[PDB]
């Protein structure tokens, strides 16, 4: 069969677009099929219509189950299956309240009095309107009331709250909701994230370095900021830094020069930063 | 940082008089009082040294960060915003208070949103609490 002429979108709602088209050429047509495309669609995709089956005598239909505030583009296909029609003009569905809360509400590393809350941003496909934003609600675990913060950036993925009265590693119940111009949306499920844990504050003590071979030296050492690992700097008399195999209390320097005096310092680190250096140890291969 | 005229000593926590001793009865004064800070805007919130009850102007530093409002239990967190308007702080305070009155509640706390000028904003956040 021939292709339809072009799609004319007559009425637009939040999830519904009433559209018509000029009929295709019968070379007896069984049905017309409707497809739409959005910046979030993986190409052209079929749409649900009213009526469920668009018979051959019908030149119009009502596309349903569309997403609010999403740009769309329609085309018709005839089947007795022929070529699709010319794509319609770019329309956009009407605004609606948001129905999708952000996922992966979690925490991040921060400073000693920061509560770093993070979340996966919501794409425009599920913002459902202009003026989209987030509502970050948090409270100490077990308390009643909430502290709420409005994040007006639609692309924002985290928020940092600074409170000098909140001690480090304090658990907080956290919700992250959504809103737009037409009204508020739902909140995410309550998650519990701890605050702060700043940079490691204590330096390693009893740093003992001992020569093992002509090119190897074994080092061993022993708070407020939890250590995620230790970085060890060693110089001869050429600065070189090395790290541990996780949160361990030792390293083995390799590839050193024979019968050579080396100096050494150790310091811990985590996601927030580094700690203070240790006392300078030294041995000779 | 907030503001003869008197200002808040951010290092001690007390109120000091005008540095030159001449300025009496806003954004430019915030910047001259705190030259080490980047004062970008001002917004409305008892001082002796003879007592006087005044509502000080907060010298907003750097980019605007909306205030974190406290929502006690059994209260509601509400907010209004219009990208096609730009009103004053007194307007949004009255809007927030009248909105709680329409719902037969009281205005417990409020804050400004989306600045659009010197002490003028495009939105408001507030908390209505039951009677």
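Residue numbers (the numbering used here), protein chains in the order written: chain V, 0 to 284; chain X, 106 to 236.
The beta carbon of each residue, even a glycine, is placed where N, CA and C say it ideally should be.
For residue 151 (chain V), the closest Cβ of chain X is nearer than 8 Å.
Between residue 194 (chain X) and chain V, the shortest Cβ-Cβ separation is not below 8 Å. DSSP assignment within the segment 125-160 of chain X yields the following whole beta strand (DSSP E) runs of 3 residues or more, N-terminal first: 144-149. With a contact defined as Cβ atoms closer than 8 Å, residue 274 (chain V) and residue 224 (chain V) qualify at about 7 Å. A buried status is given to residue 113 (chain V), since no fewer than 16 other beta-carbon atoms sit within 10 Å of its beta-carbon. The beta carbon of residue 205 (chain V) lies closer than 7 Å to those of 220, 221 in the same chain, with the five residues before and after it left out.
Inter-segment contact for the segment 169-180 of chain X and the segment 140-154 of chain V is present: three or more beta-carbon pairs are separated by less than 8 Å. Residue 197 (chain X) sits in a helix when the DSSP states are folded into three classes. A contact is defined here as three or more CB-CB pairs under 8 Å, and the segment 176-188 of chain V meets this definition with respect to the segment 125-138 of chain V. The way I'd put it, the segment 47-55 of chain V doesn't touch the segment 100-110 of chain V; fewer than three beta-carbon pairs between them come closer than 8 Å.
For residue 48 (chain V), same chain residues with a beta-carbon under 7 Å away, outside a window of 5 residues either side, are 33, 60, 61, 62, 63 in chain order. Just so you know, the alpha carbons of residue 188 (chain V) and residue 207 (chain V) end up roughly 49 Å apart.
By DSSP's assignment, residue 227 (chain X) forms no beta bridge with any residue. Assignment of residue 131 (chain V) by DSSP, reduced to helix, strand and coil, places it in the coil class. Contact between the segment 220-228 of chain X and the segment 190-209 of chain X is present: 3 or more CB-CB pairs across the two stretches fall below 8 Å. For a Cβ distance threshold of 8 Å, residue set 146, 147, 148, 160 of chain V lies close to residue 173 (chain X), ordered along the chain. Contact between residue 277 (chain V) and residue 264 (chain V) holds: their C-beta atoms lie close to 6 Å from each other, under 8 Å. Segment contact: the segment 123-132 of chain X against the segment 140-151 of chain X, three or more CB-CB distances shorter than 8 Å; contact assigned.
Legend: CB atoms of the segment 204-230 of chain X lying less than 9 Å from CB atoms of chain V belong to residues 216, 218, 219, 228, 230. C-alpha of residue 216 (chain X) to C-alpha of residue 106 (chain V): approximately 26 Å in a straight line.
Taking 8 Å as the cut-off, the Cβ atoms of residue 120 (chain X) and residue 158 (chain X) do not count as close.
By the C-beta criterion, the segment 64-81 of chain V is judged to be in contact with the segment 19-35 of chain V, since at least 3 inter-stretch pairs fall below 8 Å. Taking residue 110 (chain X) as the centre and dropping the five residues before and after it, the same chain places the C-beta of 123, 128, 129, 134 closer than 7 Å to its C-beta, in chain order. Around the C-beta of residue 107 (chain X), 16 or more other C-beta atoms lie within 10 Å, and the residue is accordingly described as buried. Taking 8 Å as the cut-off, the Cβ atoms of residue 2 (chain V) and residue 81 (chain V) count as close. Contact between the segment 115-124 of chain V and the segment 154-174 of chain V is present: 3 or more CB-CB pairs across the two stretches fall below 8 Å. For the C-beta of residue 176 (chain X), the chain V residues within less than 8 Å are, from N- to C-terminus, 136, 144, 145, 146, 147.
Residues of the segment 193-221 of chain V with a C-beta less than 9 Å from any C-beta of chain X: none at all.
Under the DSSP assignment, residue 266 (chain V) falls in the beta strand (DSSP E) whose first and last residues are 260-268. Against residue 130 (chain V), the close residues of chain X are 186, 188, in the order they occur along the chain (beta-carbon pairs closer than 8 Å).
In the DSSP secondary-structure assignment, residue 234 (chain X) is bridged to X:211.
The segment 205-219 of chain X makes contact with the segment 177-186 of chain X: 3 or more CB pairs, one atom from each, lie closer than 8 Å. Bridge pairing for residue 180 (chain V): absent [DSSP]. Taking residue 87 (chain V) as reference, the option from V:283, V:6, V:282 with the minimal CA-CA separation is V:6.
Between residue 271 (chain V) and residue 197 (chain V), the gap from beta carbon to beta carbon is short of 8 Å. Under the rule that a run must span 3 or more residues, the beta strand (DSSP E) segments found entirely inside the segment 94-151 of chain V read 113-117, 132-139, 145-150.
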